[PDB]
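Observations on the model geometry
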Amino acid sequence: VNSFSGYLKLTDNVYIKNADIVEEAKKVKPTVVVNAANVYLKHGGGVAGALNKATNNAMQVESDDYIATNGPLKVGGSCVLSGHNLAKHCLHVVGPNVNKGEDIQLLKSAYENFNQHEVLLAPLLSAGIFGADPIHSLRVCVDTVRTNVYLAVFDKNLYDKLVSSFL
Ligand SMILES: FC(F)c1cccc(CSc2ncnc3[nH]cnc23)c1
């Protein structure tokens, strides 16, 4: 039993809700919140900009030190950093950005990072400003993630489409 509330169950391990991931994280304080990161951990917009704003820029300060030490992530890769006031940990995951021409096949590799964590609150990778089809992202999530994932979808119209079209 966990503290996630109001989710629709899609499969044995995947759950979905129309919610602002920032507000959901602040309420649940999950062990892991997933950020829709880029390789530079520059949290300017989309989910990343919102999560970072909610940390009063502490996420960005920590991320800049991470990059200065380690260099950029790989597309499809991840790193674990602090969750600040939102969660115990933040798993920064880089899905391919279609608006940069990145290989959509890397979306499966990106979701594989979730399997290193028993339970996660997450957005749909590569959706939103990353330019991929969210219906496809949900399919890859369900077919790749085996751990327990609670997906927050900000847009109510998109949420209803994802549910109604789910096979
Ligand atoms: F305007 C900003 F300052 C701000 C402040 C607080 C909350 C939010 C919404 S979070 C979000 N953004 C994008 N895609 C998503 N997919 C799931 N969640 C999200 C945005």
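Residues numbered from 1 in each chain as written, not as in the entry; some residues may be left out. Heavy atoms only, no water.

- Its PDB header names X-ray crystallography as the technique used to obtain the model and reports a resolution of 1.0200 Å.

**Some remarks on the pairing of strand β4 (residues 78-82)**
- Across five bridges, β4 lies against strand β5 (residues 89-93) in antiparallel orientation. Across the sheet, residue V80 finds its bridge partner in β5, namely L91.
- If you look at the hairpin formed by β4 and β5, you'll find six residues sitting between the two strands, and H84 has a positive phi there, around 55°. (Pairing = 2+ DSSP bridges. Helix = DSSP H or I, 4+ residues; strand = E, 2+ residues; numbered from the N terminus.)

**Some words on the environment of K29**
- Structurally, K29 is set in the loop between α1 (21-28) and β3 (32-36).
- Residue classification places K29 among the partly exposed positions, given a relative accessible area of 47%.
- Placed 55 residues apart in sequence, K29 and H84 show a C-alpha to C-alpha distance of 9.9 Å.
- Once residues lying within four places of it in the same chain are set aside, the contact partners of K29 are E24, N85, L86 and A87. (Buried < 20%, exposed > 50% of the residue type's maximum accessible area, 1.4 Å probe, protein only. Contact = heavy atoms within 4.5 Å.)

**Comments concerning the pairing of β3**
- Here β3 lies mainly inside the structure; five of its five residues are buried.
- Because side chains alternate across β3, one face comprises the buried residues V32, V34 and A36, and the other comprises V33 and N35, equally buried.
- Pairing geometry for β3 and β5, over five bridges, is parallel. Paired with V33 across the bridge in β5 is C90.

**A look at the site of the ligand**
- As a structural note, the neighbourhood of the ligand is formed by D20, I21, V22, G46, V47, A50, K53, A152 and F154.
- Burial of the ligand by the protein amounts to 66% of the accessible area it has alone, namely 480 Å².
- At the level of elements, α1 and α2 (46-54) are the ones that each hand at least two residues to the shell around the ligand.
- Ranked by residue count, the leading element in the shell around the ligand is α2, at four residues.
- Partitioning the shell around the ligand into residue classes produces six nonpolar, one polar and two charged. (Near = heavy atom within 4 Å. Areas by Shrake-Rupley, 256 points an atom, 1.4 Å probe, with all protein chains shown as cover. Nonpolar A, V, L, I, M, F, W, Y, C, P; charged D, E, K, R; others polar.)

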